[PDB]
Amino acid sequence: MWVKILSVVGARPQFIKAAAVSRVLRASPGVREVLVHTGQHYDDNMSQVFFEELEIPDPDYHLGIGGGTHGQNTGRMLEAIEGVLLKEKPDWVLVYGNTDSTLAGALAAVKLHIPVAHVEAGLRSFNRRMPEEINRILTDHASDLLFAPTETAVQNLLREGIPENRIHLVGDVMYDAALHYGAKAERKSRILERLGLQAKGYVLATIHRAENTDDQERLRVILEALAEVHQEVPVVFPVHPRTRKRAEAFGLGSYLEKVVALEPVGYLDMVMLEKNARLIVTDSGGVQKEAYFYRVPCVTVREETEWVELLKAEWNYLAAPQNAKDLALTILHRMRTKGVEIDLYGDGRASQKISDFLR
């Protein structure tokens, strides 16, 4: 009668995916949901705020693990999570995205014969030296069910020999989340007011990929280029804390003061900032998709994206950070462009399709 579905989350974007899935599982006939918070993101603005603003139940467990190496965090999450599984003995383990928490989750589970579904499965950058590419490859090959958000993602899984009956194209749960919480963003966020921004009167930026922040010359290119764009149109930049650290350590802190630099914001503010921006500059997966949701033109500061359909639809554009001025002009150019009318990522009911396929 009752199925127990246990969710493993560690990072900001995982909390947001999980919020959408929880909603559907909460009001499901006979589903008990258990939520593990691995402790990977711990601060109030990377964690707590999302549980409160997206009405996510308090986690049944907080493993309190973070701030170490790949080896440390993965190893200790692996042991801790296994401990919890051995206690809760759930039917399904759900993991999301592609951090060390995603992998430790799946790997703890498969060795206990516990079914694993990967929510957001089959994305590839095809650069195997990326920790997130390894994480999503090893996760997919260890899961039993694979919830693909796009046709590309499906063909990626088939090509690595994963059979069709274990793959379900269900669209993207972060589109679910945008729809269902959009109205709540409307009535609660007052961030345009707090920062004194007129709608479509600024650009929005996020930057945190390690290939971008650990390399001094790439990070300088990016912060120079954003400061230049500020002169022409204000830049709002909720700065990931790792990015903040790396900028401070390489002595690029002045560029941040030269734009509208923020600590990280909750999802409601973010929606409200994403919605009312003229253009979005990012290296985030979630935010590139989100720009497209609101038909705001996007520039992705990478050599590739896993969300290729956004490039084909002309709503997103690649701009590797080789040159500061080159990147600035690319950003200012793409502001007066737009993509085609097209539906991606589904109807808003990816989460409900997931719940279905799990009974």
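The numbering used is simple: start at 1 and walk along the sequence shown. So that the term is clear: the rigid core is the largest set of C-alpha atoms that superpose within 1.5 Å between two forms.
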Comparing 82 to 90 with 198 to 206, which has C-alphas lying farther from the shown form in 5 other deposited structures of this protein once the core is aligned? 198 to 206
Any chance you could tell me whether 282 to 290 or 164 to 172 drifts more in 5 other deposited structures of this protein, judged by RMS CA distance from this form after superposing on the core? 282 to 290
So 256 to 264 or 94 to 102, which one's hotter by mean CA B-factor in the entry? 256 to 264
Taking the deposited Cα B-factors and averaging over 41 to 49 and over 326 to 334, the higher mean is found in 41 to 49
Among 113, 124, 246, 166, which carries the highest Cα B-factor? 166
Which of these, 181, 147, 250, 237, has its C-alpha atom at the highest B-factor, as the entry lists it? 181
Residue 346: CA temperature factor from the record, placed by chain third, in the highest
Residue 68 CA temperature factor, ranked by third within the chain: middle
Ranked C-alpha temperature factor of residue 19 among modelled chain residues, by third: middle
Classify residue 308 as lowest, middle or highest third according to the C-alpha B-factor given in the PDB entry, relative to its own chain. lowest
Consider only the C-alpha atoms of the modelled residues in this chain, order them by B-factor as the entry records it, and name the third containing residue 292: lowest, middle or highest. lowest
